[PDB]
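**Q** Below is one structure. I have some questions about it.
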Protein chains: 2
Amino acid sequence: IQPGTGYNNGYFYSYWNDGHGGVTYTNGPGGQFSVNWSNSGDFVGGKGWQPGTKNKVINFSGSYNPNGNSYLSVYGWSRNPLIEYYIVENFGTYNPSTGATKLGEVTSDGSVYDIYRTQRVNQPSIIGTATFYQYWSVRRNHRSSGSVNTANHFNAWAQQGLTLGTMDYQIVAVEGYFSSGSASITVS
Amino acid sequence: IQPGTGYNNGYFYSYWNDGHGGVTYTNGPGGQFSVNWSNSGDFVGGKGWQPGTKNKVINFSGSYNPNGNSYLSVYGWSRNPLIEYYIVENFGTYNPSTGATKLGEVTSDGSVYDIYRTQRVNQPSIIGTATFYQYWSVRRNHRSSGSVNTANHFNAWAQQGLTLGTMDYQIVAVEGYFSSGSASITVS
């Protein structure tokens, strides 16, 4: 499949890349998707919902084998205000919160998470090139299966002044950045 | 002895408290000091050097018996830029790096340490109310005697943004925060 969005076997999916080459995104049965990549550029893709909700409990299971810069996350957006957010469950060779401003900590689903915000300036988004805030919750106890109670994150972010607008999509995604890897993830 | 600074038996000392009562700081022979506290407020005191240096090997030995929130550390300041720093060898009921941004890890003097930074905004300092970064290196294997090679910590912090302009004081200190305890520490 090429970059874009749609529905597959009951689930919304989104797949984006920077045009560099080196990545295959594949939709599988039910809530499954796979990603295989080798000397990629920047990409992110996965399965979930359009729209997401502010209290969804998201389950993920499978195998995640990055070789380099990559992360596995609950990933989504809100509109009005435009916000990109990540609840990062595992990552590869680089902590994607590096350089973001730490706002606090929240405990959820068996781990402490560190909470951060940063600003993206004139960058691609669901509504076109824009400037917008990006929120992060990064799990300390890395894992490739589990359950994410999104309300714990959204509420902790709100306590630190981190407002979310009207929900757009909400997926479990694999991201890569100039790396290689494989992953097979099933969402529920 | 009252809050303030000076020299005792050849060692610089600093003792500070928030005026809340419940702390008795004493200077002993050579590099020795003791603290006894009961339902204290915030305080920090100990012996060392004015100025410190960027490669001092600091030796300490004794007994550290907090009952509540407290830490035992190499504590100091630098100027231009203004920096407060702690190399924490032991602590009581609260890990003082909670909420700080983890920067990395360093191995020194028989243990791994986690390093962190946080921004202090309009807080007291050696030069008056100021906004500055506070650096932490927190020993995983707690102890109340040992040798601290400060260069290993300064180098780890410098990897993640610390610059040393001119050093100010550098002491082995007992801190407490709304707690009780006793300690007797000898520096050299």
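In the structure tokens, chains take letters A, B, ... by order of appearance, with residues numbered from 1 within each chain and ligands from 1 in the order shown.
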Need the shell around stretch 60-75 of chain B: protein/DNA/RNA residues with any atom at most 7 Å away, counting only C-alpha atoms. Skip same-chain ones fewer than 2 positions apart. Format as an mmCIF file with C-alpha atoms, in the first residue's frame?

**A**
```cif
data_model
loop_
_atom_site.group_PDB
_atom_site.id
_atom_site.type_symbol
_atom_site.label_atom_id
_atom_site.label_comp_id
_atom_site.auth_asym_id
_atom_site.auth_seq_id
_atom_site.Cartn_x
_atom_site.Cartn_y
_atom_site.Cartn_z
ATOM 1 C CA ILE B 58 36.202 13.980 47.573
ATOM 2 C CA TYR B 85 24.519 20.516 41.449
ATOM 3 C CA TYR B 86 24.150 17.392 43.593
ATOM 4 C CA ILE B 87 25.943 14.067 43.501
ATOM 5 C CA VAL B 88 23.596 12.115 45.755
ATOM 6 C CA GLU B 89 25.188 9.184 47.601
ATOM 7 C CA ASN B 90 22.185 8.264 49.780
ATOM 8 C CA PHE B 91 18.673 9.520 50.506
ATOM 9 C CA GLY B 92 15.731 8.875 52.845
ATOM 10 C CA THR B 93 12.078 8.473 52.029
ATOM 11 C CA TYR B 94 11.973 10.447 48.740
ATOM 12 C CA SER B 144 27.482 6.833 53.576
ATOM 13 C CA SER B 145 31.232 6.497 53.062
ATOM 14 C CA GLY B 146 33.283 6.518 49.880
ATOM 15 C CA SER B 147 35.205 8.497 47.310
ATOM 16 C CA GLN B 170 31.695 22.418 46.912
ATOM 17 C CA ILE B 171 30.780 20.551 50.084
ATOM 18 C CA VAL B 172 29.624 17.194 51.433
ATOM 19 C CA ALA B 173 26.183 18.113 52.758
ATOM 20 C CA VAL B 174 23.224 16.730 54.660
ATOM 21 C CA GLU B 175 19.866 18.089 53.463
ATOM 22 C CA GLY B 176 16.525 17.589 55.137
ATOM 23 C CA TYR B 177 12.991 18.555 54.250
ATOM 24 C CA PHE B 178 10.215 18.358 56.861
ATOM 25 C CA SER B 179 11.757 15.392 58.656
ATOM 26 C CA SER B 180 13.909 14.198 61.548
ATOM 27 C CA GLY B 181 17.285 12.551 61.673
ATOM 28 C CA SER B 182 20.893 12.427 62.731
ATOM 29 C CA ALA B 183 24.165 12.320 60.794
ATOM 30 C CA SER B 184 27.892 12.566 61.521
ATOM 31 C CA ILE B 185 30.115 12.918 58.467
ATOM 32 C CA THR B 186 33.853 13.518 58.071
ATOM 33 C CA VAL B 187 35.201 15.020 54.840
ATOM 34 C CA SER B 188 38.653 15.155 53.317
#
```

**Q** Could you give me the residues within stretch 14-180 of chain B that DSSP places in strand (DSSP E or B), as an MDAnalysis selection string?

**A** chainID B and resid 14:17 23:27 32:37 42:49 57:67 70:79 83:91 101:108 111:123 130:139 146:149 166:177 180

**Q** Return as a PyMOL selection string the residues belonging to chain B that are within 10 Å of chain A, counting only C-alpha atoms.

**A** chain B and resi 98-103+118

**Q** Take the residues from that selection and write them out as a compact mmCIF listing (two decimals), in the first residue's frame, keeping N, CA and C atoms.

**A**
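Dumped everything to part-v3.txt:
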```txt
# COMPACT_ATOMS: atom_id res chain seq x y z
N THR B 98 12.95 12.97 41.45
CA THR B 98 11.59 12.83 40.96
C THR B 98 11.17 14.14 40.31
N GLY B 99 10.63 14.07 39.10
CA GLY B 99 10.21 15.25 38.36
C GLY B 99 11.30 15.88 37.50
N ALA B 100 12.56 15.59 37.79
CA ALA B 100 13.66 16.12 36.98
C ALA B 100 13.75 15.34 35.67
N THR B 101 14.37 15.94 34.67
CA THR B 101 14.51 15.30 33.37
C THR B 101 15.74 14.42 33.32
N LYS B 102 15.56 13.12 33.12
CA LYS B 102 16.71 12.23 33.02
C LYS B 102 17.50 12.54 31.75
N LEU B 103 18.82 12.62 31.90
CA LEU B 103 19.75 13.00 30.84
C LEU B 103 20.62 11.84 30.38
N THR B 118 16.86 19.86 36.17
CA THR B 118 15.59 20.56 36.18
C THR B 118 15.82 22.08 36.23
```

**Q** For residue B:13, please output as a ChimeraX atom specification all residues within 7 Å (counting only C-alpha atoms; exclusion window: fewer than 4 positions along the same chain).

**A** /B:5-7,46-48

**Q** Please produce a file of those selected residues containing C-alpha atoms, as an mmCIF file, in the first residue's frame.

**A**
```
data_model
loop_
_atom_site.group_PDB
_atom_site.id
_atom_site.type_symbol
_atom_site.label_atom_id
_atom_site.label_comp_id
_atom_site.auth_asym_id
_atom_site.auth_seq_id
_atom_site.Cartn_x
_atom_site.Cartn_y
_atom_site.Cartn_z
ATOM 1 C CA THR B 5 29.287 30.313 55.959
ATOM 2 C CA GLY B 6 32.843 30.308 57.195
ATOM 3 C CA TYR B 7 35.785 28.072 58.024
ATOM 4 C CA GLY B 46 28.220 20.591 55.478
ATOM 5 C CA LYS B 47 31.962 20.962 54.955
ATOM 6 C CA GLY B 48 34.276 21.183 51.976
#
```

**Q** Rounded to one decimal place, report the atom CA of residue A:132-atom CA of residue A:53 distance in Å.

**A**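 It comes out at 20.0 Å.
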
**Q** May I have the residues within 12 Å of residue B:109 as a list in words, using only C-alpha atoms and disregarding those fewer than 2 positions away in the same chain?

**A** residues 57, 58, 59, 87, 89, 106, 107, 111, 112, 113, 139, 140, 141, 142, 143, 145, 146, 147, 148, 149, 150, 151, 152 and 153 of chain B

**Q** Just list the residues in chain A DSSP gives alpha helix (DSSP H) on the backbone, as a JSON list (two decimals) with N, CA, C and O atoms, in the first residue's frame.

**A**
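This is the output file result.json:
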```
[["chain", "number", "residue", "atom", "x", "y", "z"],
["A", 150, "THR", "N", -6.04, 5.49, 27.74],
["A", 150, "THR", "CA", -5.70, 6.81, 27.23],
["A", 150, "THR", "C", -6.17, 7.94, 28.15],
["A", 150, "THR", "O", -5.53, 8.99, 28.23],
["A", 151, "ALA", "N", -7.24, 7.72, 28.89],
["A", 151, "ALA", "CA", -7.74, 8.76, 29.78],
["A", 151, "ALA", "C", -6.70, 9.16, 30.84],
["A", 151, "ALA", "O", -6.63, 10.32, 31.23],
["A", 152, "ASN", "N", -5.90, 8.20, 31.32],
["A", 152, "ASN", "CA", -4.88, 8.56, 32.29],
["A", 152, "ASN", "C", -3.88, 9.56, 31.73],
["A", 152, "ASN", "O", -3.44, 10.47, 32.43],
["A", 153, "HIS", "N", -3.52, 9.38, 30.46],
["A", 153, "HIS", "CA", -2.59, 10.28, 29.80],
["A", 153, "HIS", "C", -3.23, 11.62, 29.49],
["A", 153, "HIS", "O", -2.69, 12.66, 29.83],
["A", 154, "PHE", "N", -4.41, 11.60, 28.88],
["A", 154, "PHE", "CA", -5.08, 12.85, 28.54],
["A", 154, "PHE", "C", -5.36, 13.68, 29.79],
["A", 154, "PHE", "O", -5.21, 14.91, 29.79],
["A", 155, "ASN", "N", -5.75, 13.03, 30.88],
["A", 155, "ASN", "CA", -6.00, 13.75, 32.12],
["A", 155, "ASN", "C", -4.72, 14.32, 32.75],
["A", 155, "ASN", "O", -4.71, 15.47, 33.21],
["A", 156, "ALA", "N", -3.63, 13.56, 32.74],
["A", 156, "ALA", "CA", -2.36, 14.05, 33.26],
["A", 156, "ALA", "C", -1.85, 15.23, 32.43],
["A", 156, "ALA", "O", -1.36, 16.22, 32.99],
["A", 157, "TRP", "N", -2.00, 15.15, 31.11],
["A", 157, "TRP", "CA", -1.63, 16.25, 30.24],
["A", 157, "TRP", "C", -2.46, 17.49, 30.55],
["A", 157, "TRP", "O", -1.93, 18.60, 30.60],
["A", 158, "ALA", "N", -3.77, 17.31, 30.74],
["A", 158, "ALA", "CA", -4.64, 18.44, 31.06],
["A", 158, "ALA", "C", -4.24, 19.12, 32.37],
["A", 158, "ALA", "O", -4.36, 20.35, 32.48],
["A", 159, "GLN", "N", -3.80, 18.35, 33.35],
["A", 159, "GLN", "CA", -3.32, 18.92, 34.62],
["A", 159, "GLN", "C", -2.13, 19.85, 34.42],
["A", 159, "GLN", "O", -1.91, 20.76, 35.22]]
```

**Q** Report as JSON, numbers by chain all protein, DNA and RNA residues lying within 7 Å of residue A:134, evaluated on only C-alpha atoms, omitting residues in the same chain fewer than 3 positions from it.

**A** {"A": [83, 84, 85, 117, 118, 119, 120]}

**Q** Deliver the residues from the most recent selection as a file, using N, CA, C and O atoms, as a PDB file, in the first residue's frame.

**A**
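Contents of out-v8.pdb, as written:
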```
ATOM      1  N   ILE A  83      -3.291  19.332  17.668  1.00  0.00           N
ATOM      2  CA  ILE A  83      -2.338  18.704  18.581  1.00  0.00           C
ATOM      3  C   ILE A  83      -1.986  17.343  17.997  1.00  0.00           C
ATOM      4  O   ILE A  83      -2.860  16.606  17.562  1.00  0.00           O
ATOM      5  N   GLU A  84      -0.697  17.026  17.987  1.00  0.00           N
ATOM      6  CA  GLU A  84      -0.222  15.676  17.679  1.00  0.00           C
ATOM      7  C   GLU A  84       0.233  15.043  19.011  1.00  0.00           C
ATOM      8  O   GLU A  84       0.942  15.692  19.788  1.00  0.00           O
ATOM      9  N   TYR A  85      -0.150  13.795  19.288  1.00  0.00           N
ATOM     10  CA  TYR A  85       0.233  13.178  20.557  1.00  0.00           C
ATOM     11  C   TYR A  85       0.711  11.742  20.398  1.00  0.00           C
ATOM     12  O   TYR A  85       0.318  11.027  19.468  1.00  0.00           O
ATOM     13  N   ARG A 117       6.139  18.184  26.357  1.00  0.00           N
ATOM     14  CA  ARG A 117       5.546  18.927  25.247  1.00  0.00           C
ATOM     15  C   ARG A 117       6.664  19.563  24.437  1.00  0.00           C
ATOM     16  O   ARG A 117       7.690  19.975  24.982  1.00  0.00           O
ATOM     17  N   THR A 118       6.455  19.672  23.133  1.00  0.00           N
ATOM     18  CA  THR A 118       7.304  20.543  22.336  1.00  0.00           C
ATOM     19  C   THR A 118       6.484  21.135  21.198  1.00  0.00           C
ATOM     20  O   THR A 118       5.332  20.776  21.000  1.00  0.00           O
ATOM     21  N   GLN A 119       7.075  22.080  20.486  1.00  0.00           N
ATOM     22  CA  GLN A 119       6.394  22.749  19.401  1.00  0.00           C
ATOM     23  C   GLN A 119       6.996  22.367  18.060  1.00  0.00           C
ATOM     24  O   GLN A 119       8.228  22.342  17.908  1.00  0.00           O
ATOM     25  N   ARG A 120       6.122  22.050  17.106  1.00  0.00           N
ATOM     26  CA  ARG A 120       6.520  21.774  15.740  1.00  0.00           C
ATOM     27  C   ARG A 120       6.211  23.012  14.906  1.00  0.00           C
ATOM     28  O   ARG A 120       5.092  23.511  14.953  1.00  0.00           O
TER      29      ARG A 120
END
```
